[PDB]
Every structure is written in C-alpha cells, then in structure tokens.
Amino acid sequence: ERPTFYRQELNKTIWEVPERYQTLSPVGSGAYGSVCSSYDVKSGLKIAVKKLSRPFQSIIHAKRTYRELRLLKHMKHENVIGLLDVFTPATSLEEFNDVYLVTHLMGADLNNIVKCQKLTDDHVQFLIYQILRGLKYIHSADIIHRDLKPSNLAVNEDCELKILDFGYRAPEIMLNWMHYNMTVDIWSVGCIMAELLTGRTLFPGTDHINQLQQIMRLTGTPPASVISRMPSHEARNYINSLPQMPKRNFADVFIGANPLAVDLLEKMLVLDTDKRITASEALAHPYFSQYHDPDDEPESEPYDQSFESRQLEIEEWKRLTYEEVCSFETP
C-alpha cells in the first residue's frame, strides 16, 4: 500500500518522499544523484536518502540506474553499503520517472578520516580490518562494473566502516584493469593505512610517472621479466635503476608504529603483484588478532550480471527498474 508522501523543494529540485523520512537535509552531491540526511521516524535512525539525477534520460543513465539498484540490493555485508529502501511517488510505469534509494548514513569521507587527527593504534586496526573484510566480500562477487573500492570508504563517529559506491581507450589498458583489479585494491589499503599511522602522504610524486620512481625507493625495482619487455631501452633505464636519492626503509618511515603494522605494510606495499598480500590472507595476519574471526568473514552469493551484456532501449531499462522498485520489501 502506498504510504502518505510529502513534497518539498531542496536546492531548486522537487523531492517527494514517504511520511517516514522527515527533516531532510542536503549533505552533498555529484553527477550520479543528490543525497539527503533524513530522520526515519519508523526505525528511529538518521538515514541517507538519494534522488537520482534524471535517471532515464539516456540508455546509459537508464542502465546506470538499474545497475546501482541491483548492486545495493545484492550487497549484504556489514562493511558494504546496502539498500534499506527504494521508492517512487509514481503510481504507474508510464508516469514513472523519479527514483530514490535509501541507505545508512555514514558521517565522514576518507579525506576527513586523515585530518581526524588523534587516532590510537586500535582505531587503525579496526578501520583497516573493516576495509579488508569488505574487500574480501567485494572481490568474491566479481562485480563487472567497478563502483566499490577502498577509497570509497566511509566512517561514522565510532569508527564503524562501510564502503560506499562513490568517493579511444585502448584494450590493453582495460584488460590491465581487470587483470590487476584485486591487487590494486590492496595497494590502496596499504597507502590508506600508511596515512593513518603517519598523517602524511606515502608516495608523493611531482607527477604520476615520477610517482613510480618514488614507489620503487621503498619497493625496489621491478623483476627482470617486467623490465625486459618495456618498449624502449630508455624505458628500461627508468625502471631498472633508482637514482641516487637518500635511502629510505619501512622501519624508518613508520617509526612510532606498532611493529605488526609495519610488518603488515611490508606485505601490502610490494611491487610483485603475485607476492603481494591478498585480502583474506591480510585478515589472518597477527596485526588483527583481536578482530580476526575466520568464520565471520563471509564471501558473497553469486551475483547475476547478465544484464551488463544486454543491449537495450531506454524504455526496457526503465521497466526492469520499475519492476524492482515495486518488488522491494523494506527491511
């Protein structure tokens, strides 16, 4: 049965939400859609409400809309943002033209978590452990489109963590993405953890290619196999040798740090993509002895993404979307 809806204008756009979602307040926005904090009277919790920007303008917008709705529906893990409600003021498919997604509200982005200065080792243990627990689960789903990453992490005031869904190209580039999508994740975590222990950026370049040179001061130079197939000799020269800079080592960089943190980082911040630590291995590490529960670290159910390779008109995506909204049982 359709609940009483109520209508209001926030930042020059019309919001029509169910009775339960009171005291809407705009927190921020991006291309995807606008978000509002709201007090859900029913369950008595401060909540997040998103209204999608023109969800069925184009095929891309339409599939994008359906994708996010399917993903947050599937994501059921205490470290990954999940769908609490989805709704529309529309009462028929023809009329249907406005979609709202509802989740829990996290209060602090990554870029605020760093500056959130006074952090005990325990907070770091907990934060990193949660990203890893999330990551294990996220990798297990094999999500074709990439919306969940470590950098999208979000944190409410007691350090409880969730990974949100935000925060001409040659084939060899995107094949490389697929190839290393899990490895790069654990590099991000590594960088993130480092910043939580020091408060400074770990690998600051003058630019992105100079960034590689910085990384290697800690990681060492690539294996012969990687170097011997660079497209030129001057390319090999750039990655087969460090220039003579002052010597820096892990023990130096993370001096005040719990030595187990330094151990963990020495297995995360490794250049050899194969030798680098995997998420579920990283969980078993001694640094997380408090938190590590091998039977409380679940993988995902298979996730049917056959939709990703269907080529459909706008109206076909809109129908799929509206079928999901009407099917949704609010937990």
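So that there is no doubt, residue numbering starts at 1 and follows the sequence shown.
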Q | Interresidue gap class [residue 107, residue 108; deposited sequence, unmodelled] | A | none
Q) Can you tell me which stretch has the higher mean Cα B-factor, 58-66 or 28-36? A) 28-36
Q: Output the stretch having the higher mean C-alpha B factor in the entry; the candidates are 83-91 and 243-251.
A: 243-251
Q) When you compare the CA B-factors of 133, 118, 169, 217 as listed in the entry, which one comes out on top? A) 118
Q. According to the PDB entry, is the CA B factor of residue 157 in the bottom, middle or top third of its chain, that is, lowest, middle or highest?
A. highest
Q. What third of its chain, lowest, middle or highest, does the C-alpha temperature factor of residue 229 fall into?
A. middle
Q: Just say lowest, middle or highest third for the CA B-factor of residue 206 relative to the other modelled residues in its chain.
A: highest
**Q.** Entry-reported Cα temperature factor of residue 122, expressed as the chain third it lands in
**A.** highest
Q | Third of chain Cα B-factors occupied by residue 178 | A | lowest
